[PDB]
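**Q** Here is my input; please provide its structure:
(chains A and B, ligands or ions: 4)
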2 protein chains.
Amino acid sequence: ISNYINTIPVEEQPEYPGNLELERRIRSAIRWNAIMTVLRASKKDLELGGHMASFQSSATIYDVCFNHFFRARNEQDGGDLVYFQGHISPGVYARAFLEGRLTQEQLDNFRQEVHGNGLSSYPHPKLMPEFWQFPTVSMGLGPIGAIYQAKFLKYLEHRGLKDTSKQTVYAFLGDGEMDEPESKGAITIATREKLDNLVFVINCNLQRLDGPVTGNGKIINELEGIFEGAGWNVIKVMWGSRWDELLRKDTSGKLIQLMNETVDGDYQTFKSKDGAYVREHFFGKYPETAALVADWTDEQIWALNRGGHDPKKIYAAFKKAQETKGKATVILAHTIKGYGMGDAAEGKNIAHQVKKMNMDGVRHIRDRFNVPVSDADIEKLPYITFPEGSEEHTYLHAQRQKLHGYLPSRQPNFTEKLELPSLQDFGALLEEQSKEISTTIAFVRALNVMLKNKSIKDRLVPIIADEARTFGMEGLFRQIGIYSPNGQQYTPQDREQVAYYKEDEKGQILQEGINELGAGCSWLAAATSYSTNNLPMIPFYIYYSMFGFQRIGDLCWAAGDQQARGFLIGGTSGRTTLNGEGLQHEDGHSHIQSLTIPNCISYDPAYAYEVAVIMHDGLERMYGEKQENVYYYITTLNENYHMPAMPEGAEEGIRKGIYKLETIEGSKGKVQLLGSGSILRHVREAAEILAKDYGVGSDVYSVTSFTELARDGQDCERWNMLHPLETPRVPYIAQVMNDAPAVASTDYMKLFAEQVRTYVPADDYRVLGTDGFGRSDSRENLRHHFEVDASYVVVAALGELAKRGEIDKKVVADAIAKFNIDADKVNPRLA
Amino acid sequence: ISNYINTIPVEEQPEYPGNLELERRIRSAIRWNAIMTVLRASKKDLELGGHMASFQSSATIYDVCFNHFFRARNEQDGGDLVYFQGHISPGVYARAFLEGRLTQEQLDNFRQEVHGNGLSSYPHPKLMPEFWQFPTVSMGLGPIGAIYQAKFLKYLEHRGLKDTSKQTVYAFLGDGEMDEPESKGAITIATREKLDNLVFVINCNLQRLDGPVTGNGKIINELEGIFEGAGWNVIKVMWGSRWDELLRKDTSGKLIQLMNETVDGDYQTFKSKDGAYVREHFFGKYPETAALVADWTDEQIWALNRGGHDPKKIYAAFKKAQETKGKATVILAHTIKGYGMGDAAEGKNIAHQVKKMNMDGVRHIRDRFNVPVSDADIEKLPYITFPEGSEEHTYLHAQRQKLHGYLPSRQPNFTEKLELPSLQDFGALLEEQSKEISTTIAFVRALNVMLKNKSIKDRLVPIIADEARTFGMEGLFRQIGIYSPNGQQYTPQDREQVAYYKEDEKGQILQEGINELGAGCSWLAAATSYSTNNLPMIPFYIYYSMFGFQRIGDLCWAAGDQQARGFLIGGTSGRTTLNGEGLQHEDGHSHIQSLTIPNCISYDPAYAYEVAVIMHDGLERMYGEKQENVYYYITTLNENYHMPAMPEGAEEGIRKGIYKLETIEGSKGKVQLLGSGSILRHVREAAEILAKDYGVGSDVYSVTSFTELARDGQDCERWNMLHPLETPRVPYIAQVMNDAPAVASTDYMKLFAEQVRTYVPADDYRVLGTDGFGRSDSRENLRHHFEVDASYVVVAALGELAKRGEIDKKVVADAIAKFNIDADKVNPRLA
Ligand SMILES: COP(=O)(O)[C@](C)(O)c1sc(CCOP(=O)(O)OP(=O)(O)O)c(C)[n+]1Cc1cnc(C)nc1N
Ligand SMILES: COP(=O)(O)[C@](C)(O)c1sc(CCOP(=O)(O)OP(=O)(O)O)c(C)[n+]1Cc1cnc(C)nc1N
Ligand SMILES: [Mg+2]
Ligand SMILES: [Mg+2]
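**A** Numbering: from 1, shown residues only, chains lettered A, B, ... in the order given. Ligands and ions are numbered 1, 2, ... in the order given. Below you will find the coordinate block:
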């Protein structure tokens, strides 16, 4: 932690390259327009929302970047990847409009998008596919997202996939946002990887939403201390040029001690008052600091500005960041929240929430920033524009043209044509297996086929969060290598034999250690590379399913917003299947969390051939000609068993979510039996017992996706309600199933199979599931405890028949005794 | 970063207090019993699992703590709160068995708990309510949890609630685990709040599961750098006592330079070779270092120990942390993964996964730690014990008794009786409200009722994540104060006004800034204080609902395991209600995530009187004589509308999940209409349209909890299936509803209401919901887009009647036209 002053002294400050006066004229119009869009929205009295005080404090920082730093997407690369602070979007819009990229009609539709021609509250690529690129409004996600983006850019360079050396990743953050564990929790990775292509820009206005971040302390110093400790290059932009003379004429070093000893709380209060206040409460603290300005006017005291508001001080920091190599840079910019809004919110605790202001307030910002709007127009909350030929218009576009154009901007589809493998290339996985394998083995095998596709082999991005040994993928390190930039500065302990720990700068797999959020962020950068850099990359992130959506659900939702196209493989899944691990490992609900995401396609395959068909279909939809903006989630298991051959013509049903595996004959009745994942074979066992011991036949179905089926049914019923005069549309599951009493069982909570109830064409539909906290035991004991094994499926099936009077209820009661079922033990959900 | 040697020099290290030789005998027995436990489990070949190499590397660190530091639960306080590393549990189980707290049968039932006399794989209070305290296996949660538990202990002391000055929080972490963002993402708070009652003990064995944490670097220095930068007191326990002579005679400074330059990957390998290897590859790097051991035998060189393995160095560290005030301490203990296991795993990349070994491997461990079991008995894998009267038994118990007993241990219920507020105490919220308010305002008013309760007023712990102004709670800052251990070291900006930003050391409100996980960890510490310190505290953590389970779900699952008893308030909930915010804010699925947690009770109330009845019921269930182990989740809204008085006698129905609001007459037909949260008033609007425009009457229901009704339903059919000869149980929802066609509509995705399909006693049950990504617009436009407003309800109900021939389908067709519904607009889920 250094003295409370600028890191870069004037003597080391490079000459500012732009026309400061002209840039202010432009900047004042962007400020004005941003405020007008929020005020107009406010006028509607529709509770639309919006912010003003935030962009006010950071506008000049962005302005200096727009005029001299931000490279836009171009012929060679995707340009600089800017993670704009979410709520300062009105200013981004204000600027795109001045640039002629947005219409006045669109600005008038700020936060009203349902009818088209409107604008999102914040950066949402799903909502504005050709404008926004990175969803940053959920605080914490932007910083770590950016860390891994820069990391991925260096990965494409090392792998010789693309020259990304001219791209800089910028994360624009709030000081309050740095409280999120995700914001600072991964900064040492930027050091390990020497990400000299990443720049963190923290707007240190000392305030968050409720009040000051740490009024009793100094966040700038705390930030400096930890980032410096993590090996980052820290640049403090504390004071503007007006302070430079006052600092040079302080031989007592008392001024510096003052600044050092003053805490955040008193600092923002200073700028919420007036010159007189600062004079007594700040400079007045010492008869030495007091003197320095005894000659200055109270108005010349108030004029002193913070570094984050001085283009000259801002530029020096960004220029320095740009030159620094070997490590990442973090710029801590000192600013005023609600800057220039005077009365309205300048340095006030309520500043964040301000979205309206009387004509007195509007007039103030007009005078304050010398906005060119006459008293005759002002009450009309007019947008300002610069006509062709004007210096403002000329300068604004020239500066952007020298930097390759305008941003943000997004390309929804990649251009190249990939020659994806055919289903036939996964042929061996479609046939009966000699050895008993698991669906996780099937996935690794499918990965290897892909690794053999000339077209995409190098575009595959296997990602692990430690746990590769659990998946039996350790042999892969030697095969394709673990990515390590300037890696392997030692000889692996594993060296001698076969599966050693091979780390190479050209290594293909991303090993992110015990860090699911970081692994997901790596997966996200890869999964959106197709748009960001017009370079399709296909990520396969396999990890313990329990630590997926449950642990990184917020990033998974942002991923959907970002239109990620990739594969999330939830390994060691199923509540009863990862039997010995217990409560915090046994996943019987990940599919419930995943169905909440609109563009995530989830599957719970039972067999190897289903995995192959599913993964093949996914590559096609996402990276084939269709370029479908969706990502996949497949749960795989760690249990081995017999893998039969795929039934002829079963492909469509597998992709849709269900197909009839077989029909067992029986003379005493007929039931329908559904199963998914690892529980399917137990449902097939119940089918044999029922036919063998009770003469009850059945239709057996493998349900590869209860969720895709429920979605289909939902779509059918929705269309039906909307087209009352049309013949009702039949949900796919109802087209496949019949009306005989049905029973389903899975390794997930009951809701997973119960979600298709409305669409099941049977009078009876009994669902068995693994509701309840997990615990350690054998797979058999867990399957009995969670009441999902063959014996429970048999009793559920007999129970439905008994009801219809097809069998005696004493027969059900005897089966319960026969199968050693304790009809009175606590509901596993409460266990 | 300091030199790569011990922080505490020998001349500064205290004299070891215990009997070293006797302590090692006991430690050797514990080591052996931990391994016999896992080995015997592997022999079962049931894929039970377990680890050995991890506890082997950290055993001595825990030993010193059990012998001289760990304070057990006592009559004055809960003692030291130890977050034991999860997978070193066999070691904690081995000690407990030696202390006679566990039986041989229980150890033999390791990881087989479904039948009652087994042991959980890891620390799970829900599974072993009287043994385990904190769930740590989900890596990263232990560290943040521990930080916020230490902060909470200081809070209880400052608030004058309880003297916790004698309790120390210990966080036992792995080094690979430190990569989780949540592991280091909140460490500066320990500095902000001067948590000198927290000790982080990081086991640096240089390896995680797949291999070394950072083979090409030095995590101990990386850890040191960032923690030191965060303001923590860092203590490095690098080398054992055998190194002292060498470091002392090393006059050239060469040994330190060498130790400083060697990277993790090489140090790891050193431990996997032998003395000759070390002599050549380590000391042999420099003529000066080479001369230091030139007179040593390879055997003597091989005996050189790592600090984390030396009791004397370990003790010196914990003793120093003990006297460090003003900040938290991190102990970085250098160890060997697979320590003493030799061949099978010592310093090997495969060490983590080792679950079994050959007789030569068991005999090696027997020799390595001088275990008293004959070469003949080893085959039997015998458990070692200390007979009463023996030195070991006496010493073992004597050390614990001096420290108040044994740990871990847990008290399931609190002992005191609180005088909870009655429901009549909330009578004001039960009457019709004067002005239109929201359910959030109802919650704030309800909180104030409790705040006037003599008994619990000061036991309340309101927690916010920098969103108090949004929830209109900024007025409480002044009323009860914002907790601030260091008081207010400045004059707030709004000081001169009411609702000024008041910070106080006696402040009740926990302001955790933009930090959901930290706020949730504070919530958890408060919500389990009843068990930990036998001091029931009742936390109400309110935040934007979208950032609840989605963002901190892993914590919420652990909270259920930890038997948390408190309230989670999801503010600004509902997809269409937080209209202007958009994609990453509009929550229409948090209830789908919340329903996955077994002991979390979820509600989505529409009216203020419902909020009151639910909170009061929650209060009595968790903190009343019942002491039920569940926590509550209640979604509240930011929309103001008319709040009617509660219908006489509706209390129980509100608690259960559904009650009939009213029935409107109509002779052209009859339907049932269900609504929840904010959409309920639109469902009522539809009931009037249906009646006055179409003559269709209806039964209107307020569904306060679809999830509780589904669970009750599942419990009925489960019980029924199990008792085929008994009187079937009737789901609660089927006791309120009838069989007329039904329509449900909520601000959540369809599944939220569809989950009760099986138990709805009606032929037709159409569900409307907010499936799909949110977008920015007015409430009216969104409710129409998400097809959930009154007009959609009318069309859904009319269509049901037309289908049954009750009405002409042309009537439905006309309605769609009359209400300006686009029957062909894209499915909101795909939009
Ligand atoms: C309704 O909008 P809002 O509350 O103003 C908004 C934009 O949603 C924000 S902005 C915000 C405060 C940000 O303050 P910072 O100091 O980081 O940034 P600034 O001072 O405004 O430059 C919080 C807590 N939240 C709420 C918030 C909380 N938690 C997460 C994870 N994301 C959020 N974004
Ligand atoms: C099946 O057991 P497991 O895989 O051995 C276990 C216990 O589940 C662990 S342990 C582990 C490695 C821990 O290595 P550390 O260096 O932190 O600890 P140690 O070296 O063993 O002392 C990982 C990645 N996981 C998996 C893991 C990953 N991510 C989270 C969030 N929690 C986990 N617990
Ligand atoms: Mg701020
Ligand atoms: Mg380790």
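
**Q** any bit of stretch A:53-65 sitting next to ligand 3?
**A** No: if you take Cβ under 5 Å from the ion as the test, stretch A:53-65 misses ligand 3, and the best it gets is 7.4 Å. Heads up, the C-betas are built off the backbone N, CA and C, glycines and all.

**Q** May I see the buried residues of that stretch?
**A** A:53-65 (16 or more other Cβ atoms under 10 Å in any protein chain shown).

**Q** just how off-centre is the longest helix along chain A within its chain?
**A** Taking DSSP state H as the criterion, chain A has its longest helix at helix A:20-43. When distances are taken as Cα atoms, centre = their mean, to the nearest Å, helix A:20-43 is centred 30 Å away from the chain's centroid.

**Q** same check, this time on stretch A:537-553
**A** Offset of stretch A:537-553 from its chain centre (Cα atoms, centre = their mean): 12 Å.

**Q** Using PDB, write down the CA coordinates of stretch A:15-31.
**A** C-alpha atoms of stretch A:15-31 as PDB (Å, rounded to 0.1, in the frame of the first residue of the first chain):
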ATOM      1  CA  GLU A  15       1.500  14.000 -23.300                       C
ATOM      2  CA  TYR A  16      -2.300  13.700 -23.900                       C
ATOM      3  CA  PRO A  17      -2.800  12.900 -27.600                       C
ATOM      4  CA  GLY A  18      -6.400  14.300 -28.200                       C
ATOM      5  CA  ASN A  19      -8.200  17.600 -28.500                       C
ATOM      6  CA  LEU A  20      -9.300  18.000 -24.800                       C
ATOM      7  CA  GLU A  21     -11.800  20.800 -25.500                       C
ATOM      8  CA  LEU A  22     -13.400  19.100 -28.500                       C
ATOM      9  CA  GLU A  23     -13.600  15.800 -26.600                       C
ATOM     10  CA  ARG A  24     -15.400  17.600 -23.700                       C
ATOM     11  CA  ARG A  25     -18.000  19.000 -26.100                       C
ATOM     12  CA  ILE A  26     -18.700  15.500 -27.400                       C
ATOM     13  CA  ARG A  27     -18.600  14.000 -24.000                       C
ATOM     14  CA  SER A  28     -21.100  16.600 -22.600                       C
ATOM     15  CA  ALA A  29     -23.600  15.600 -25.300                       C
ATOM     16  CA  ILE A  30     -23.200  11.900 -24.500                       C
ATOM     17  CA  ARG A  31     -23.800  12.800 -20.800                       C
END
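
**Q** can you list contacts of it?
**A** Stretch A:15-31 has contacts (Cβ atoms under 8 Å, 6 or more residues apart in numbering or on different chains) with A:55-56, A:59-60, A:63, A:67-68, A:91, A:94-95, A:98, A:311-312, A:315, A:340, A:365, A:369-372, A:384, A:386, A:391-392, A:395-396, A:399.

**Q** what comes up buried for it?
**A** Neighbour counts using 16+ other Cβ under 10 Å place A:16, A:22-31 of stretch A:15-31 among the buried residues.

**Q** repeat for stretch A:367-378
**A** A:369, A:371, A:373.

**Q** next one: stretch A:722-740
**A** Neighbour-count burial for stretch A:722-740 [16+ other Cβ under 10 Å]: A:722-724, A:729, A:731-734, A:736-737, A:740.

**Q** ok, which stretches of the stretch 201-350 of chain A are helices?
**A** For the stretch 201-350 of chain A, the helices defined by DSSP state H, counting those that start in this stretch cover A:219-229, A:242-248, A:254-261, A:264-270, A:275-281, A:289-292, A:298-302, A:311-323.

**Q** Ok, which of the ones you listed comes nearest ligand 3?
**A** Ligand 3 sits nearest to helix A:219-229 of all the helices of the stretch 201-350 of chain A, at 8.8 Å, using Cβ to the ion.

**Q** With respect to ligand 3, which of the buried residues of stretch A:367-378 is nearest?
**A** residue A:369 (21.0 Å).

**Q** now the closest one, nearest residue through space, not along the chain?
**A** residue A:28 (4.0 Å; Cβ to Cβ, 6 or more residues apart in numbering or on different chains).

**Q** quick one: contacts of stretch A:817-826?
**A** Contacting residues not belonging to stretch A:817-826 are listed as A:784, A:791-792, A:794-795, A:816, B:722-723 [Cβ under 8 Å, 6+ apart].

**Q** and the residue in the stretch 351-500 of chain A that ligand 4 sits nearest to, how many residues sit next to it?
**A** Of all residues in the stretch 351-500 of chain A, residue A:466 sits closest to ligand 4, at 10.1 Å by Cβ to the ion. Neighbourhood size, residue A:466 [other Cβ atoms under 10 Å in any protein chain shown]: 25.

**Q** you'd agree it is up against residue A:514?
**A** Yes: under the criterion of Cβ atoms under 8 Å, residue A:466 makes contact with residue A:514 at 5.1 Å.
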